[PDB]
Amino acid sequence: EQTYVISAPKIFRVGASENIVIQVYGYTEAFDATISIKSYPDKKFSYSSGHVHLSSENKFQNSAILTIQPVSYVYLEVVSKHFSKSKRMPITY
Amino acid sequence: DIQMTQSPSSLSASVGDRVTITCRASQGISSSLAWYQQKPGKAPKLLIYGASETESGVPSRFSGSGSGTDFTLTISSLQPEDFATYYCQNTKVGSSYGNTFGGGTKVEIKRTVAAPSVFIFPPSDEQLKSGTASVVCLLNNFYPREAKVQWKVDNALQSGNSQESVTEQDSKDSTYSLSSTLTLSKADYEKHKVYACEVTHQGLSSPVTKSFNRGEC
Amino acid sequence: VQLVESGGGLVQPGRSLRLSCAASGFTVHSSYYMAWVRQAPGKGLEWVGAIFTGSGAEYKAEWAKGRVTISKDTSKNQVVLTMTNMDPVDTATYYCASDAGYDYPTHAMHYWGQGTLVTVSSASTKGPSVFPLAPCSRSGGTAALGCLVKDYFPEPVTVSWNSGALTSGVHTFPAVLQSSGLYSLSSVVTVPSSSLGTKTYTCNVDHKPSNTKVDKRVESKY
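Residues numbered from 1 in each chain as written, not as in the entry; some residues may be left out. Chains lettered and ligands numbered in written order. Heavy atoms only, no water. Residues with missing side-chain atoms left out of burial classes, pairs and counts.

- Per the PDB entry, chain C carries the name SKY59 Fab heavy chain and comes from Homo sapiens.
- According to the PDB record, the title of this entry is "Crystal structure of complement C5 in complex with SKY59".

- As annotated in the PDB entry, chain A carries the name Complement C5 beta chain and comes from Homo sapiens.

Structure below.
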């Protein structure tokens, strides 16, 4: 089995920076992952994006610092070759 | 880095044959293996990714199999366009691995055994003025590729003073040609009388020697 | 997806090579595993190294470590290879290759560039000397005649027979690199032995880098 763990703050702060933790298990091959803040609900616009590497060197964990500046919700998206996972996040101004 | 061993290095096949090419890794890489085709003068082309998945555009006759250390490329009904060199590559990214290519497997057109017709050329008087003598031996239209050329200067075996060059498989009769150049100085050339090219080949029961005397040029 | 190599050609021994690879049809949403692959004349494929376009994570072959640096650009989508202290051994066709990003599950090289020839040599541009290849005597049977195209830099040399009229039985061999650093090429033709009395054979040698056009009549001495 190959599983992933995505960690994020509950409500996204508009203006302030947020840390998004990605952890992967069951992988021995090194690969890249993209963590992005995208529009709700069609993902037509991307606000902030961060590419992270996952390998044996960093123990298959990484994070990206992402922010949103001036809408009720955004999408947090984590994409790679092996998985694609999105979560709807509420925002406060 | 990981080592990728390909066997065989070359194989002879005809149109319609089933061709089997093996790739062996020094350690386990699960399904992370790719197969490539390369024609002379052209860039390599991906055929199989993930050990067993054929790329779109690539004909269904190409199929990959195997997991772990041993891998197999099968071409079911061999076509004229399929004659090329084939490479395996580990695709597993990591510090302990590296994306190493295998040595390669040349798929050559099988035909009947043909003996080489051997020709020897003395150096011209134009070249001797500059101070160097090139003696050329020609092996014309032979099959298969494996042929040994031995230079003899006054019945003495030569080593380290000759360069060989082989053509690609011919477009019409599927034969190879070989050119060997023996390089000597003018002073060393004038010392000796007899210059011989000795050829051994599968299509010859006895060696073919073509020779010339220097004074008779 | 298209990959274009640039920065190839003649490199002096000891100097540092720098090659650029521009990628078209790359999406910003995905990261790409972009590799450099080299091939020496008459040899197999050798993986030099690779980089992820997203994170910038670098991977290299053990022989390439200490000599090779692979760098990236985000907006330009250009991947640059740097190889320090170049040697005649490093003479190869250098390919830029890439995966298909997050769309395909493996790091296989889906896309390949046309490749750029890198020649590491200290030799200067020199026109070839053309010498006839003929037996001692003319000698019913099979006869062979040719031309030895010796001591030229750089490649390539094009050889035709009788102003392009003769094509049958012509074998123009690949060049050999001599210890001097100059190239030597042989071109031969099989001919009917009876025609040797009246029919003449002349090889036409063109070398564009030095702008030399040499025609040479081939006949046996006796």
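Once you've had a look at it, read on.
### Re the environment of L196 of chain C
Residue and element names in this part refer to chain C.
Consideration 1: Structurally, the position occupied by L196 is in the loop between strand 17 (183-192) and strand 18 (202-207).
Consideration 2: When the C-alpha positions of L196 and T172 are compared, they lie 21 Å apart, and in sequence the two are 24 residues distant.
Consideration 3: Filtering out sequence-adjacent residues up to four positions away, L196 remains in contact with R138, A143 and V191. (Helix = DSSP H or I, 4+ residues; strand = E, 2+ residues; numbered from the N terminus. Contact = heavy atoms within 4.5 Å.)

### Let's talk about the interface of chain A and chain B
Consideration 1: At the interface, four residues of chain A touch six residues of chain B.
Consideration 2: When the area that chain A buries against chain B is broken down by residue, the three leading residues are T28, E29 and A30 of chain A, summing to 81%.
Consideration 3: Our count for the contact surface shared by chain A and chain B stands at zero salt bridges.
Consideration 4: Inspection of the chain A/chain B interface yields three residue pairs in polar contact.
Consideration 5: In the side of chain A that touches chain B, the residues fall into one nonpolar, one polar and two charged. (Buried area = accessible area lost by both parts, 1.4 Å probe. Salt bridge = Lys/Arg side-chain N within 4 Å of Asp/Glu carboxyl O. Polar contact = N/O pair within 3.5 Å; in protein donor to acceptor, adjacent residues only side chain to side chain. Nonpolar A, V, L, I, M, F, W, Y, C, P; charged D, E, K, R; others polar.)

### Brief notes about the domain arrangement of chain C
Residue and element names in this part refer to chain C.
Consideration 1: The domain boundaries assigned to chain C delineate domain 1 (1-122) and domain 2 (123-222).
Consideration 2: In this assembly, domain 1 packs against domain 2 so that about 310 Å² is buried in total across both faces, 51% of it on carbon and sulfur atoms.
Consideration 3: Our count for the domain 1 to domain 2 interface comes out at zero salt bridges.
Consideration 4: Our count for the domain 1 to domain 2 interface comes out at one residue pair in polar contact.
Consideration 5: Each residue belonging to the side of domain 1 that touches domain 2 can be placed in one class, and the counts come to one nonpolar, three polar and no charged. (Domains from an automatic or database assignment.)

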